[PDB]
Amino acid sequence: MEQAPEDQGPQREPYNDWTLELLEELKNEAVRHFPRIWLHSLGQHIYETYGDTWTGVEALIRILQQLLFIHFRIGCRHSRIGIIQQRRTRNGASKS
């Protein structure tokens, strides 16, 4: 906290005028990058949907698959550590 509405000058949080500087840095980068800008979007595009017709749609599905795989892994991690966690996973005679 500080005795200021958000910014003042002396009293200054790790945002405030830093944020402008951060936006100014973003502008500096972005404008320098402006006569180039290809790879930036090219990479993103191809990754996302390259053909966009059961070619890039397949790529997009691959991103989904990757995601699903991670979630599956996490689920499995939080299962095999306690198979018989009062028969957590082996839900046969579901009591304990």
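Residues numbered from 1 in each chain as written, not as in the entry; some residues may be left out. Heavy atoms only, no water.

In the PDB header, solution NMR is given as the technique by which the entry was determined.

**Student:** Let's hear about the overall build of the chain: which residues, and what values?
**Tutor:** Scanning the chain from N- to C-terminus turns up three helices and zero strands. If you list the helices and strands of the chain from N to C, you get α-α-α. The C-alpha atoms of the chain give 25 Å as radius of gyration, which overshoots the globular expectation for 96 residues (12 Å, by more than 25%). The proportion of buried residues among the 96 residues of the chain is 7%. Taking the contacts inside the chain whose residues are at least 6 apart along the sequence as the reference set, 0% of them involve residues at least 24 apart. Total accessible area on the chain is roughly 9000 Å²; 59% of this is exposed by carbon and sulfur atoms. For the chain, the distance from the average site of its 12 positive side-chain charges to the average site of its 12 negative ones is 26 Å. (Helix = DSSP H or I, 4+ residues; strand = E, 2+ residues; numbered from the N terminus. Rg over C-alpha atoms; globule rule 2.2 N^0.38 Å. Buried < 20%, exposed > 50% of the residue type's maximum accessible area, 1.4 Å probe, protein only. Contact = heavy atoms within 4.5 Å. Areas by Shrake-Rupley, 256 points an atom, 1.4 Å probe, with all protein chains shown as cover. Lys, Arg positive; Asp, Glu negative; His and termini not counted. Charge placed at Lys NZ, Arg CZ, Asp CG, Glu CD.)

**Student:** Now, about a nonpolar patch on the surface: what can you tell me, with residues and values included?
**Tutor:** Together, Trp 38, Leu 39, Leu 42, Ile 46, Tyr 47 and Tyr 50 make up an exposed nonpolar region whose accessible area comes to about 680 Å². Tracing the backbone through its elements, the reader meets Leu 42 in helix α2 (residues 39–49). (Patch = residues over 30% accessible without salt bridge, like charges linked within 9 Å, V, L, I, M, F, W, Y side chains within 5 Å. Salt bridge = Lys/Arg side-chain N within 4 Å of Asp/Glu carboxyl O.)

**Student:** Account for the packing of α2 against helix α3 (residues 56–80), with residues named and values stated.
**Tutor:** At their nearest, the axes of α2 and α3 sit 5 Å apart, and the two run at 85 degrees to each other. Looking at the two axes, α2 sits roughly perpendicular to α3. Where α2 abuts α3, its residues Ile 46, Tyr 47, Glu 48 and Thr 49 lie against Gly 56, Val 57, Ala 59, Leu 60 and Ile 63. In terms of residue class, the contact of α2 with α3 is built from six nonpolar, two polar and one charged. (Axes fitted to C-alpha atoms, helices over the stretch in contact; angles between N-to-C directions. Parallel < 35°, antiparallel > 145°, perpendicular 65-115°, else oblique. Nonpolar A, V, L, I, M, F, W, Y, C, P; charged D, E, K, R; others polar.)

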